[PDB]
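Note: the block below is query-v1.pdb and it holds PDB, C-alpha atoms.
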ATOM      1  CA  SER A   5     141.520 159.101  93.902  1.00  0.00           C
ATOM      2  CA  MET A   6     141.941 155.859  95.830  1.00  0.00           C
ATOM      3  CA  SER A   7     139.906 152.837  94.803  1.00  0.00           C
ATOM      4  CA  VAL A   8     139.581 151.512  98.377  1.00  0.00           C
ATOM      5  CA  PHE A   9     140.254 152.987 101.816  1.00  0.00           C
ATOM      6  CA  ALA A  10     140.219 150.993 105.072  1.00  0.00           C
ATOM      7  CA  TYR A  11     139.402 153.309 107.982  1.00  0.00           C
ATOM      8  CA  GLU A  12     140.356 152.441 111.566  1.00  0.00           C
ATOM      9  CA  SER A  13     139.342 154.283 114.736  1.00  0.00           C
ATOM     10  CA  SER A  14     141.729 154.100 117.685  1.00  0.00           C
ATOM     11  CA  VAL A  15     139.013 155.459 120.015  1.00  0.00           C
ATOM     12  CA  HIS A  16     135.990 153.349 119.040  1.00  0.00           C
ATOM     13  CA  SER A  17     136.661 150.212 121.097  1.00  0.00           C
ATOM     14  CA  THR A  18     137.419 152.390 124.130  1.00  0.00           C
ATOM     15  CA  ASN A  19     134.194 154.404 123.819  1.00  0.00           C
ATOM     16  CA  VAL A  20     132.061 151.268 123.437  1.00  0.00           C
ATOM     17  CA  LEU A  21     133.546 149.857 126.642  1.00  0.00           C
ATOM     18  CA  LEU A  22     133.064 153.227 128.353  1.00  0.00           C
ATOM     19  CA  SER A  23     129.397 153.217 127.340  1.00  0.00           C
ATOM     20  CA  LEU A  24     128.999 149.615 128.522  1.00  0.00           C
ATOM     21  CA  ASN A  25     130.457 150.496 131.927  1.00  0.00           C
ATOM     22  CA  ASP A  26     128.221 153.578 132.038  1.00  0.00           C
ATOM     23  CA  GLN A  27     125.220 151.358 131.293  1.00  0.00           C
ATOM     24  CA  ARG A  28     126.313 149.043 134.116  1.00  0.00           C
ATOM     25  CA  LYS A  29     126.864 151.748 136.737  1.00  0.00           C
ATOM     26  CA  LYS A  30     123.479 153.314 135.931  1.00  0.00           C
ATOM     27  CA  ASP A  31     121.705 149.923 135.644  1.00  0.00           C
ATOM     28  CA  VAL A  32     120.457 150.535 132.100  1.00  0.00           C
ATOM     29  CA  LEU A  33     120.313 148.017 129.219  1.00  0.00           C
ATOM     30  CA  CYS A  34     121.750 145.278 131.443  1.00  0.00           C
ATOM     31  CA  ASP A  35     120.382 141.753 131.199  1.00  0.00           C
ATOM     32  CA  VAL A  36     121.907 139.621 133.995  1.00  0.00           C
ATOM     33  CA  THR A  37     122.236 139.854 137.777  1.00  0.00           C
ATOM     34  CA  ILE A  38     125.207 138.087 139.378  1.00  0.00           C
ATOM     35  CA  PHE A  39     124.937 137.106 143.048  1.00  0.00           C
ATOM     36  CA  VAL A  40     128.232 136.930 144.961  1.00  0.00           C
ATOM     37  CA  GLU A  41     127.967 136.377 148.732  1.00  0.00           C
ATOM     38  CA  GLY A  42     124.450 137.812 148.518  1.00  0.00           C
ATOM     39  CA  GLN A  43     125.387 141.058 146.745  1.00  0.00           C
ATOM     40  CA  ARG A  44     123.891 142.064 143.401  1.00  0.00           C
ATOM     41  CA  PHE A  45     126.061 142.880 140.371  1.00  0.00           C
ATOM     42  CA  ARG A  46     124.297 144.090 137.231  1.00  0.00           C
ATOM     43  CA  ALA A  47     126.044 143.314 133.950  1.00  0.00           C
ATOM     44  CA  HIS A  48     125.607 142.299 130.321  1.00  0.00           C
ATOM     45  CA  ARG A  49     125.660 138.540 129.785  1.00  0.00           C
ATOM     46  CA  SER A  50     127.525 139.111 126.510  1.00  0.00           C
ATOM     47  CA  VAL A  51     130.389 141.020 128.153  1.00  0.00           C
ATOM     48  CA  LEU A  52     130.754 138.452 130.944  1.00  0.00           C
ATOM     49  CA  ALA A  53     130.815 135.619 128.404  1.00  0.00           C
ATOM     50  CA  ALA A  54     133.482 137.541 126.486  1.00  0.00           C
ATOM     51  CA  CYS A  55     135.786 137.864 129.505  1.00  0.00           C
ATOM     52  CA  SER A  56     135.192 134.497 131.205  1.00  0.00           C
ATOM     53  CA  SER A  57     134.906 130.888 130.071  1.00  0.00           C
ATOM     54  CA  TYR A  58     132.874 130.045 133.183  1.00  0.00           C
ATOM     55  CA  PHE A  59     130.238 132.707 132.523  1.00  0.00           C
ATOM     56  CA  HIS A  60     130.180 131.782 128.828  1.00  0.00           C
ATOM     57  CA  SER A  61     129.372 128.169 129.717  1.00  0.00           C
ATOM     58  CA  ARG A  62     126.555 129.014 132.157  1.00  0.00           C
ATOM     59  CA  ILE A  63     125.003 131.774 130.021  1.00  0.00           C
ATOM     60  CA  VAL A  64     125.020 130.505 126.417  1.00  0.00           C
ATOM     61  CA  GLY A  65     121.601 128.942 125.866  1.00  0.00           C
ATOM     62  CA  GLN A  66     119.743 131.153 128.365  1.00  0.00           C
ATOM     63  CA  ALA A  67     117.751 133.424 126.038  1.00  0.00           C
ATOM     64  CA  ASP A  68     115.203 134.678 128.584  1.00  0.00           C
ATOM     65  CA  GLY A  69     114.644 138.352 129.348  1.00  0.00           C
ATOM     66  CA  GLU A  70     116.366 138.534 132.735  1.00  0.00           C
ATOM     67  CA  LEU A  71     118.815 136.003 134.160  1.00  0.00           C
ATOM     68  CA  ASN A  72     119.940 135.488 137.766  1.00  0.00           C
ATOM     69  CA  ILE A  73     123.240 133.674 138.358  1.00  0.00           C
ATOM     70  CA  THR A  74     124.482 132.806 141.853  1.00  0.00           C
ATOM     71  CA  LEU A  75     128.180 132.011 142.157  1.00  0.00           C
ATOM     72  CA  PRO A  76     129.129 129.444 144.826  1.00  0.00           C
ATOM     73  CA  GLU A  77     130.731 130.290 148.156  1.00  0.00           C
ATOM     74  CA  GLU A  78     134.171 129.738 146.595  1.00  0.00           C
ATOM     75  CA  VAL A  79     133.736 133.184 144.975  1.00  0.00           C
ATOM     76  CA  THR A  80     134.073 136.168 147.316  1.00  0.00           C
ATOM     77  CA  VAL A  81     133.160 139.805 146.725  1.00  0.00           C
ATOM     78  CA  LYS A  82     136.744 140.740 147.620  1.00  0.00           C
ATOM     79  CA  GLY A  83     137.972 138.657 144.686  1.00  0.00           C
ATOM     80  CA  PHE A  84     135.151 138.988 142.168  1.00  0.00           C
ATOM     81  CA  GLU A  85     134.680 142.766 142.277  1.00  0.00           C
ATOM     82  CA  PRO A  86     138.203 143.661 141.023  1.00  0.00           C
ATOM     83  CA  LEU A  87     137.616 141.263 138.117  1.00  0.00           C
ATOM     84  CA  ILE A  88     134.278 142.678 136.961  1.00  0.00           C
ATOM     85  CA  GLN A  89     135.947 146.086 137.245  1.00  0.00           C
ATOM     86  CA  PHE A  90     138.654 144.869 134.864  1.00  0.00           C
ATOM     87  CA  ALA A  91     136.012 143.502 132.491  1.00  0.00           C
ATOM     88  CA  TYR A  92     134.361 146.920 132.126  1.00  0.00           C
ATOM     89  CA  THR A  93     137.317 149.294 132.660  1.00  0.00           C
ATOM     90  CA  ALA A  94     140.354 147.310 131.384  1.00  0.00           C
ATOM     91  CA  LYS A  95     141.991 148.200 134.725  1.00  0.00           C
ATOM     92  CA  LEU A  96     142.999 145.551 137.272  1.00  0.00           C
ATOM     93  CA  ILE A  97     143.936 146.814 140.744  1.00  0.00           C
ATOM     94  CA  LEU A  98     145.748 144.343 143.004  1.00  0.00           C
ATOM     95  CA  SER A  99     146.993 144.638 146.581  1.00  0.00           C
ATOM     96  CA  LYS A 100     148.526 142.404 149.238  1.00  0.00           C
ATOM     97  CA  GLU A 101     145.041 142.204 150.831  1.00  0.00           C
ATOM     98  CA  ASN A 102     143.068 140.975 147.798  1.00  0.00           C
ATOM     99  CA  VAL A 103     145.745 139.370 145.593  1.00  0.00           C
ATOM    100  CA  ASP A 104     144.976 135.913 146.995  1.00  0.00           C
ATOM    101  CA  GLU A 105     141.193 136.113 146.606  1.00  0.00           C
ATOM    102  CA  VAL A 106     141.476 137.713 143.155  1.00  0.00           C
ATOM    103  CA  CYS A 107     143.928 135.057 141.944  1.00  0.00           C
ATOM    104  CA  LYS A 108     141.375 132.447 143.028  1.00  0.00           C
ATOM    105  CA  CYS A 109     138.519 133.980 141.026  1.00  0.00           C
ATOM    106  CA  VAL A 110     140.689 134.336 137.904  1.00  0.00           C
ATOM    107  CA  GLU A 111     141.245 130.574 137.948  1.00  0.00           C
ATOM    108  CA  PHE A 112     137.666 129.757 138.974  1.00  0.00           C
ATOM    109  CA  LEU A 113     135.962 132.043 136.445  1.00  0.00           C
ATOM    110  CA  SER A 114     138.756 131.493 133.874  1.00  0.00           C
ATOM    111  CA  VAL A 115     139.106 135.204 133.148  1.00  0.00           C
ATOM    112  CA  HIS A 116     140.943 135.359 129.849  1.00  0.00           C
ATOM    113  CA  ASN A 117     143.643 138.021 129.480  1.00  0.00           C
ATOM    114  CA  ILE A 118     144.969 138.164 133.051  1.00  0.00           C
ATOM    115  CA  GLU A 119     148.588 137.015 132.960  1.00  0.00           C
ATOM    116  CA  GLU A 120     149.539 135.118 136.109  1.00  0.00           C
ATOM    117  CA  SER A 121     152.856 137.000 136.144  1.00  0.00           C
ATOM    118  CA  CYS A 122     151.382 140.040 137.927  1.00  0.00           C
ATOM    119  CA  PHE A 123     150.863 137.925 141.073  1.00  0.00           C
TER     120      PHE A 123
ATOM    121  CA  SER B   7     151.323 148.491 148.319  1.00  0.00           C
ATOM    122  CA  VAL B   8     149.182 148.429 145.158  1.00  0.00           C
ATOM    123  CA  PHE B   9     149.790 147.063 141.647  1.00  0.00           C
ATOM    124  CA  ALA B  10     147.587 148.479 138.880  1.00  0.00           C
ATOM    125  CA  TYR B  11     147.304 147.084 135.345  1.00  0.00           C
ATOM    126  CA  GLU B  12     145.831 149.026 132.406  1.00  0.00           C
ATOM    127  CA  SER B  13     145.322 146.872 129.311  1.00  0.00           C
ATOM    128  CA  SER B  14     145.116 148.758 126.021  1.00  0.00           C
ATOM    129  CA  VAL B  15     144.050 145.711 123.976  1.00  0.00           C
ATOM    130  CA  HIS B  16     141.249 144.716 126.371  1.00  0.00           C
ATOM    131  CA  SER B  17     138.592 146.985 124.856  1.00  0.00           C
ATOM    132  CA  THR B  18     139.549 145.564 121.458  1.00  0.00           C
ATOM    133  CA  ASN B  19     139.344 142.018 122.841  1.00  0.00           C
ATOM    134  CA  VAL B  20     135.797 142.499 124.162  1.00  0.00           C
ATOM    135  CA  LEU B  21     134.595 144.129 120.939  1.00  0.00           C
ATOM    136  CA  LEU B  22     136.032 141.260 118.880  1.00  0.00           C
ATOM    137  CA  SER B  23     134.337 138.744 121.187  1.00  0.00           C
ATOM    138  CA  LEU B  24     130.997 140.545 120.847  1.00  0.00           C
ATOM    139  CA  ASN B  25     131.446 140.521 117.066  1.00  0.00           C
ATOM    140  CA  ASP B  26     132.042 136.763 117.226  1.00  0.00           C
ATOM    141  CA  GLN B  27     128.796 136.413 119.186  1.00  0.00           C
ATOM    142  CA  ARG B  28     127.052 138.593 116.589  1.00  0.00           C
ATOM    143  CA  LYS B  29     128.194 136.566 113.569  1.00  0.00           C
ATOM    144  CA  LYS B  30     127.185 133.301 115.290  1.00  0.00           C
ATOM    145  CA  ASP B  31     123.815 134.677 116.508  1.00  0.00           C
ATOM    146  CA  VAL B  32     124.689 133.892 120.123  1.00  0.00           C
ATOM    147  CA  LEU B  33     123.800 136.010 123.181  1.00  0.00           C
ATOM    148  CA  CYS B  34     122.193 138.669 120.981  1.00  0.00           C
ATOM    149  CA  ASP B  35     119.018 140.512 121.919  1.00  0.00           C
ATOM    150  CA  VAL B  36     117.824 142.651 118.963  1.00  0.00           C
ATOM    151  CA  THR B  37     117.001 141.908 115.325  1.00  0.00           C
ATOM    152  CA  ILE B  38     117.565 144.692 112.785  1.00  0.00           C
ATOM    153  CA  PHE B  39     115.610 144.621 109.515  1.00  0.00           C
ATOM    154  CA  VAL B  40     117.096 146.618 106.627  1.00  0.00           C
ATOM    155  CA  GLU B  41     115.712 145.930 103.136  1.00  0.00           C
ATOM    156  CA  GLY B  42     114.036 142.956 104.811  1.00  0.00           C
ATOM    157  CA  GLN B  43     117.345 141.297 105.728  1.00  0.00           C
ATOM    158  CA  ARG B  44     117.898 140.185 109.313  1.00  0.00           C
ATOM    159  CA  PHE B  45     120.782 141.556 111.383  1.00  0.00           C
ATOM    160  CA  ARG B  46     121.392 140.220 114.896  1.00  0.00           C
ATOM    161  CA  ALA B  47     123.134 142.499 117.384  1.00  0.00           C
ATOM    162  CA  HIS B  48     123.282 143.547 121.028  1.00  0.00           C
ATOM    163  CA  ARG B  49     121.109 146.513 121.976  1.00  0.00           C
ATOM    164  CA  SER B  50     123.788 147.640 124.436  1.00  0.00           C
ATOM    165  CA  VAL B  51     126.320 147.947 121.605  1.00  0.00           C
ATOM    166  CA  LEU B  52     123.891 149.541 119.133  1.00  0.00           C
ATOM    167  CA  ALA B  53     122.866 152.187 121.673  1.00  0.00           C
ATOM    168  CA  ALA B  54     126.558 152.901 122.314  1.00  0.00           C
ATOM    169  CA  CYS B  55     127.314 153.444 118.609  1.00  0.00           C
ATOM    170  CA  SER B  56     124.228 155.252 117.273  1.00  0.00           C
ATOM    171  CA  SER B  57     121.815 157.909 118.502  1.00  0.00           C
ATOM    172  CA  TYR B  58     119.189 156.475 116.136  1.00  0.00           C
ATOM    173  CA  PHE B  59     119.354 153.051 117.791  1.00  0.00           C
ATOM    174  CA  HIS B  60     119.692 154.493 121.303  1.00  0.00           C
ATOM    175  CA  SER B  61     116.441 156.478 121.179  1.00  0.00           C
ATOM    176  CA  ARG B  62     114.660 153.288 120.048  1.00  0.00           C
ATOM    177  CA  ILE B  63     116.364 150.947 122.548  1.00  0.00           C
ATOM    178  CA  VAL B  64     116.210 153.060 125.706  1.00  0.00           C
ATOM    179  CA  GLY B  65     113.603 151.948 128.230  1.00  0.00           C
ATOM    180  CA  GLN B  66     112.353 149.014 126.163  1.00  0.00           C
ATOM    181  CA  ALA B  67     111.060 145.674 127.403  1.00  0.00           C
ATOM    182  CA  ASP B  68     113.639 143.062 128.364  1.00  0.00           C
ATOM    183  CA  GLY B  69     112.261 140.692 125.725  1.00  0.00           C
ATOM    184  CA  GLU B  70     113.570 140.431 122.189  1.00  0.00           C
ATOM    185  CA  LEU B  71     113.573 143.742 120.321  1.00  0.00           C
ATOM    186  CA  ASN B  72     112.790 144.238 116.624  1.00  0.00           C
ATOM    187  CA  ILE B  73     113.987 147.406 114.871  1.00  0.00           C
ATOM    188  CA  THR B  74     113.098 147.946 111.204  1.00  0.00           C
ATOM    189  CA  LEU B  75     115.120 150.486 109.236  1.00  0.00           C
ATOM    190  CA  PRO B  76     113.198 152.307 106.474  1.00  0.00           C
ATOM    191  CA  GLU B  77     113.805 152.476 102.725  1.00  0.00           C
ATOM    192  CA  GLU B  78     116.678 154.974 102.992  1.00  0.00           C
ATOM    193  CA  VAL B  79     118.917 152.394 104.698  1.00  0.00           C
ATOM    194  CA  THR B  80     120.406 149.868 102.269  1.00  0.00           C
ATOM    195  CA  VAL B  81     122.382 146.706 102.965  1.00  0.00           C
ATOM    196  CA  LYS B  82     125.207 148.182 100.874  1.00  0.00           C
ATOM    197  CA  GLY B  83     125.329 151.117 103.299  1.00  0.00           C
ATOM    198  CA  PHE B  84     124.427 149.419 106.580  1.00  0.00           C
ATOM    199  CA  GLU B  85     126.520 146.236 106.634  1.00  0.00           C
ATOM    200  CA  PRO B  86     129.849 148.163 106.551  1.00  0.00           C
ATOM    201  CA  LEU B  87     128.507 150.176 109.498  1.00  0.00           C
ATOM    202  CA  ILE B  88     127.441 147.280 111.724  1.00  0.00           C
ATOM    203  CA  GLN B  89     130.841 145.818 110.836  1.00  0.00           C
ATOM    204  CA  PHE B  90     132.531 149.018 112.027  1.00  0.00           C
ATOM    205  CA  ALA B  91     130.511 149.093 115.260  1.00  0.00           C
ATOM    206  CA  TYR B  92     131.859 145.623 116.115  1.00  0.00           C
ATOM    207  CA  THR B  93     135.368 145.907 114.601  1.00  0.00           C
ATOM    208  CA  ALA B  94     136.264 149.648 114.657  1.00  0.00           C
ATOM    209  CA  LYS B  95     137.150 149.136 110.969  1.00  0.00           C
ATOM    210  CA  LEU B  96     135.176 150.593 108.049  1.00  0.00           C
ATOM    211  CA  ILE B  97     136.046 149.394 104.539  1.00  0.00           C
ATOM    212  CA  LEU B  98     135.216 152.112 102.002  1.00  0.00           C
ATOM    213  CA  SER B  99     135.284 151.889  98.209  1.00  0.00           C
ATOM    214  CA  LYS B 100     134.126 154.053  95.319  1.00  0.00           C
ATOM    215  CA  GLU B 101     131.142 151.690  95.085  1.00  0.00           C
ATOM    216  CA  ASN B 102     129.631 151.963  98.580  1.00  0.00           C
ATOM    217  CA  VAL B 103     131.070 155.289  99.796  1.00  0.00           C
ATOM    218  CA  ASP B 104     127.875 157.171  98.908  1.00  0.00           C
ATOM    219  CA  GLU B 105     125.311 154.928 100.616  1.00  0.00           C
ATOM    220  CA  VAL B 106     127.592 154.399 103.633  1.00  0.00           C
ATOM    221  CA  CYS B 107     128.059 158.138 104.200  1.00  0.00           C
ATOM    222  CA  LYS B 108     124.308 158.660 103.803  1.00  0.00           C
ATOM    223  CA  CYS B 109     123.712 155.869 106.318  1.00  0.00           C
ATOM    224  CA  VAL B 110     126.220 157.332 108.796  1.00  0.00           C
ATOM    225  CA  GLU B 111     124.298 160.614 108.876  1.00  0.00           C
ATOM    226  CA  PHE B 112     120.968 158.760 109.047  1.00  0.00           C
ATOM    227  CA  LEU B 113     121.813 156.515 112.003  1.00  0.00           C
ATOM    228  CA  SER B 114     124.181 159.095 113.575  1.00  0.00           C
ATOM    229  CA  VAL B 115     126.993 156.567 113.917  1.00  0.00           C
ATOM    230  CA  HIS B 116     129.768 157.713 116.242  1.00  0.00           C
ATOM    231  CA  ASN B 117     133.558 157.719 115.876  1.00  0.00           C
ATOM    232  CA  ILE B 118     133.744 157.894 112.056  1.00  0.00           C
ATOM    233  CA  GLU B 119     136.054 160.682 110.898  1.00  0.00           C
ATOM    234  CA  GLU B 120     134.108 162.076 107.935  1.00  0.00           C
ATOM    235  CA  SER B 121     137.406 163.251 106.405  1.00  0.00           C
ATOM    236  CA  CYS B 122     137.959 159.744 105.013  1.00  0.00           C
ATOM    237  CA  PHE B 123     134.921 159.905 102.704  1.00  0.00           C
ATOM    238  CA  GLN B 124     136.674 162.423 100.433  1.00  0.00           C
ATOM    239  CA  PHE B 125     139.386 159.834  99.725  1.00  0.00           C
ATOM    240  CA  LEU B 126     137.036 158.087  97.260  1.00  0.00           C
ATOM    241  CA  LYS B 127     136.638 161.184  95.068  1.00  0.00           C
TER     242      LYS B 127
END
Using the file provided, produce a representation of the structure as structure tokens.
Amino acid sequence: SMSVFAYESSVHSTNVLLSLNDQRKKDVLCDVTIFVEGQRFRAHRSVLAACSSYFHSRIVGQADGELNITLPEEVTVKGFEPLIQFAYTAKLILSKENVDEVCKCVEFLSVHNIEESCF
Amino acid sequence: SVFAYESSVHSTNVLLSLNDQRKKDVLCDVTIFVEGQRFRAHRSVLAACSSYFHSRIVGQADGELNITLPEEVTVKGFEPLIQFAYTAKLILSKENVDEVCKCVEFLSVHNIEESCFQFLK
């Protein structure tokens, strides 16, 4: 008997991100390849632009089918891989071994919602 | 010694950033035609939210994709659904509740508790 009802799902945003990470791990429906120290990382250029100002600035305007981005030597796999894991899993795992290299990539890539307090 | 962070708002943050890309027609890769109207979206998101879109997106060419929805799908029933897919929020009223529910079953849109449709009755 209500005139309007505004429905909200508490599980939708989580399932979309789960499907995006599943697409990434299976290399399906991805559109960009990131090169870090020679290693290949498949991803969606939209998700990377969402989580990073650096990726957003290098990707917006590139409308081609497939895109290959090489990050300079200042970016290491030891620092970049925990960040792309956070982008697709919302989980950021730090340790005394990688905290320095991860803190560098957060500032270089300008990853958004990583508070500098956890360092 | 390990420190692990689990953000609960992160999945919401990404989805709201993708919706901002959608509304600005930036970094999209598929055009949806319903009643002739254009709708820009990401095929990765559409495949994650609908079995209808997934079976038409899977294994396609990397180039731009065009998906045309037939006469059953109306803008009055589709626009609240592409909104929901990008916002997790579905605004229902006694006006559009019929065509939206019919469009949910047509596209097989996920994560919509069908119990809420009976509120507009």
Name the residues that the PyMOL selection byres ((chain B) within 6 of (chain A)) picks from the file above, as a CSV table (one decimal) with C-alpha atoms, in the frame of the given file, using the file's chain letters and numbers.
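New file expr18.csv:
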chain,number,residue,atom,x,y,z
B,8,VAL,CA,149.2,148.4,145.2
B,9,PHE,CA,149.8,147.1,141.6
B,10,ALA,CA,147.6,148.5,138.9
B,11,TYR,CA,147.3,147.1,135.3
B,12,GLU,CA,145.8,149.0,132.4
B,13,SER,CA,145.3,146.9,129.3
B,16,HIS,CA,141.2,144.7,126.4
B,17,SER,CA,138.6,147.0,124.9
B,18,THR,CA,139.5,145.6,121.5
B,20,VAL,CA,135.8,142.5,124.2
B,23,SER,CA,134.3,138.7,121.2
B,33,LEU,CA,123.8,136.0,123.2
B,50,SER,CA,123.8,147.6,124.4
B,54,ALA,CA,126.6,152.9,122.3
B,68,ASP,CA,113.6,143.1,128.4
B,69,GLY,CA,112.3,140.7,125.7
B,94,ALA,CA,136.3,149.6,114.7
B,95,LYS,CA,137.2,149.1,111.0
B,96,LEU,CA,135.2,150.6,108.0
B,97,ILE,CA,136.0,149.4,104.5
B,98,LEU,CA,135.2,152.1,102.0
B,99,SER,CA,135.3,151.9,98.2
B,100,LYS,CA,134.1,154.1,95.3
B,117,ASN,CA,133.6,157.7,115.9
B,126,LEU,CA,137.0,158.1,97.3
B,127,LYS,CA,136.6,161.2,95.1
Open item on the list: Starting from the PyMOL selection byres ((chain A and resi 83) around 9), expand the selection into actual residues of this file and give them as a ChimeraX atom specification.
Closed with: /A:79-82,84-87,102-110
For the residues in that selection, give me C-alpha atoms as a short mmCIF file (atom, residue, chain, number, x, y, z; two decimals), in the frame of the given file.
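The resulting file, again21.cif, is shown below:
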data_model
loop_
_atom_site.label_atom_id
_atom_site.label_comp_id
_atom_site.auth_asym_id
_atom_site.auth_seq_id
_atom_site.Cartn_x
_atom_site.Cartn_y
_atom_site.Cartn_z
CA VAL A 79 133.74 133.18 144.98
CA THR A 80 134.07 136.17 147.32
CA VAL A 81 133.16 139.80 146.72
CA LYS A 82 136.74 140.74 147.62
CA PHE A 84 135.15 138.99 142.17
CA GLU A 85 134.68 142.77 142.28
CA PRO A 86 138.20 143.66 141.02
CA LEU A 87 137.62 141.26 138.12
CA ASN A 102 143.07 140.98 147.80
CA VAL A 103 145.74 139.37 145.59
CA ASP A 104 144.98 135.91 147.00
CA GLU A 105 141.19 136.11 146.61
CA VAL A 106 141.48 137.71 143.16
CA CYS A 107 143.93 135.06 141.94
CA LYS A 108 141.38 132.45 143.03
CA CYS A 109 138.52 133.98 141.03
CA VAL A 110 140.69 134.34 137.90
#
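For the choices B:93, B:80, B:74, B:19, the atom-to-atom distance to residue 55 of chain B is smallest for B:93 when using all atoms listed in the file.
Atom CA of residue 39 of chain A to atom CA of residue 120 of chain A spans 25.6 Å [interatomic distance, one decimal].
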- [ ] Run the PyMOL selection byres ((chain A and resi 44) around 12) against the file shown and list the residues it catches, as a PyMOL selection string.
- [x] chain A and resi 28+31+36-43+45-47+72-75+81+84-85
Open item on the list: At a cut-off of 12 Å, using only C-alpha atoms, what residues contact residue 41 of chain B? Leave out same-chain residues fewer than 2 positions from it and give the result as a list in words.
Closed with: residues 38, 39, 43, 44, 45, 73, 74, 75, 76, 77, 78, 79, 80, 81, 82, 83, 84 and 85 of chain B
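Using all atoms listed in the file, the nearest neighbour of residue 31 of chain B within the list B:118, B:47, B:109, B:15 is B:47.
Between atom CA of residue 56 of chain B and atom CA of residue 108 of chain B there is a distance of 13.9 Å.
Taking all atoms listed in the file into account, residue 111 of chain A lies nearest to A:56 out of the set A:56, A:25, A:89, A:61.
Interatomic distance, atom CA of residue 29 of chain A to atom CA of residue 34 of chain B: 21.0 Å.
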Mind rebuilding segment 81-94 of chain A with N, CA, C and O atoms and writing that out as a PDB file, in the coordinates of the input?
ATOM      1  N   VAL A  81     133.268 138.450 147.260  1.00  0.00           N
ATOM      2  CA  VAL A  81     133.160 139.805 146.725  1.00  0.00           C
ATOM      3  C   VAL A  81     134.529 140.466 146.660  1.00  0.00           C
ATOM      4  O   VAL A  81     134.808 141.253 145.748  1.00  0.00           O
ATOM      5  N   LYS A  82     135.409 140.149 147.613  1.00  0.00           N
ATOM      6  CA  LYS A  82     136.744 140.740 147.620  1.00  0.00           C
ATOM      7  C   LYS A  82     137.557 140.305 146.408  1.00  0.00           C
ATOM      8  O   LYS A  82     138.452 141.035 145.968  1.00  0.00           O
ATOM      9  N   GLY A  83     137.257 139.136 145.850  1.00  0.00           N
ATOM     10  CA  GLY A  83     137.972 138.657 144.686  1.00  0.00           C
ATOM     11  C   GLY A  83     137.253 138.923 143.379  1.00  0.00           C
ATOM     12  O   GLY A  83     137.889 139.198 142.356  1.00  0.00           O
ATOM     13  N   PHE A  84     135.921 138.848 143.400  1.00  0.00           N
ATOM     14  CA  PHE A  84     135.151 138.988 142.168  1.00  0.00           C
ATOM     15  C   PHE A  84     135.056 140.441 141.716  1.00  0.00           C
ATOM     16  O   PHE A  84     135.119 140.721 140.514  1.00  0.00           O
ATOM     17  N   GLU A  85     134.900 141.372 142.656  1.00  0.00           N
ATOM     18  CA  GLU A  85     134.680 142.766 142.277  1.00  0.00           C
ATOM     19  C   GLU A  85     135.851 143.384 141.522  1.00  0.00           C
ATOM     20  O   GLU A  85     135.595 144.123 140.554  1.00  0.00           O
ATOM     21  N   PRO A  86     137.119 143.151 141.878  1.00  0.00           N
ATOM     22  CA  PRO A  86     138.203 143.661 141.023  1.00  0.00           C
ATOM     23  C   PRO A  86     138.189 143.078 139.621  1.00  0.00           C
ATOM     24  O   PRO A  86     138.688 143.722 138.690  1.00  0.00           O
ATOM     25  N   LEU A  87     137.627 141.881 139.438  1.00  0.00           N
ATOM     26  CA  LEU A  87     137.616 141.263 138.117  1.00  0.00           C
ATOM     27  C   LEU A  87     136.538 141.869 137.225  1.00  0.00           C
ATOM     28  O   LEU A  87     136.788 142.162 136.051  1.00  0.00           O
ATOM     29  N   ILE A  88     135.330 142.062 137.760  1.00  0.00           N
ATOM     30  CA  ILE A  88     134.278 142.678 136.961  1.00  0.00           C
ATOM     31  C   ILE A  88     134.606 144.141 136.694  1.00  0.00           C
ATOM     32  O   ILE A  88     134.128 144.725 135.714  1.00  0.00           O
ATOM     33  N   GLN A  89     135.432 144.754 137.545  1.00  0.00           N
ATOM     34  CA  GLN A  89     135.947 146.086 137.245  1.00  0.00           C
ATOM     35  C   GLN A  89     136.914 146.043 136.070  1.00  0.00           C
ATOM     36  O   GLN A  89     136.898 146.934 135.215  1.00  0.00           O
ATOM     37  N   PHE A  90     137.757 145.011 136.007  1.00  0.00           N
ATOM     38  CA  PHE A  90     138.654 144.869 134.864  1.00  0.00           C
ATOM     39  C   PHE A  90     137.872 144.609 133.585  1.00  0.00           C
ATOM     40  O   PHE A  90     138.247 145.092 132.509  1.00  0.00           O
ATOM     41  N   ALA A  91     136.780 143.848 133.681  1.00  0.00           N
ATOM     42  CA  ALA A  91     136.012 143.502 132.491  1.00  0.00           C
ATOM     43  C   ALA A  91     135.393 144.729 131.841  1.00  0.00           C
ATOM     44  O   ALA A  91     135.236 144.766 130.616  1.00  0.00           O
ATOM     45  N   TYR A  92     135.043 145.740 132.636  1.00  0.00           N
ATOM     46  CA  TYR A  92     134.361 146.920 132.126  1.00  0.00           C
ATOM     47  C   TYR A  92     135.250 148.155 132.042  1.00  0.00           C
ATOM     48  O   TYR A  92     134.859 149.135 131.397  1.00  0.00           O
ATOM     49  N   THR A  93     136.431 148.140 132.665  1.00  0.00           N
ATOM     50  CA  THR A  93     137.317 149.294 132.660  1.00  0.00           C
ATOM     51  C   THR A  93     138.699 149.011 132.091  1.00  0.00           C
ATOM     52  O   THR A  93     139.471 149.958 131.904  1.00  0.00           O
ATOM     53  N   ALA A  94     139.031 147.749 131.818  1.00  0.00           N
ATOM     54  CA  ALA A  94     140.354 147.310 131.384  1.00  0.00           C
ATOM     55  C   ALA A  94     141.434 147.587 132.420  1.00  0.00           C
ATOM     56  O   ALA A  94     142.626 147.511 132.102  1.00  0.00           O
TER      57      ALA A  94
END
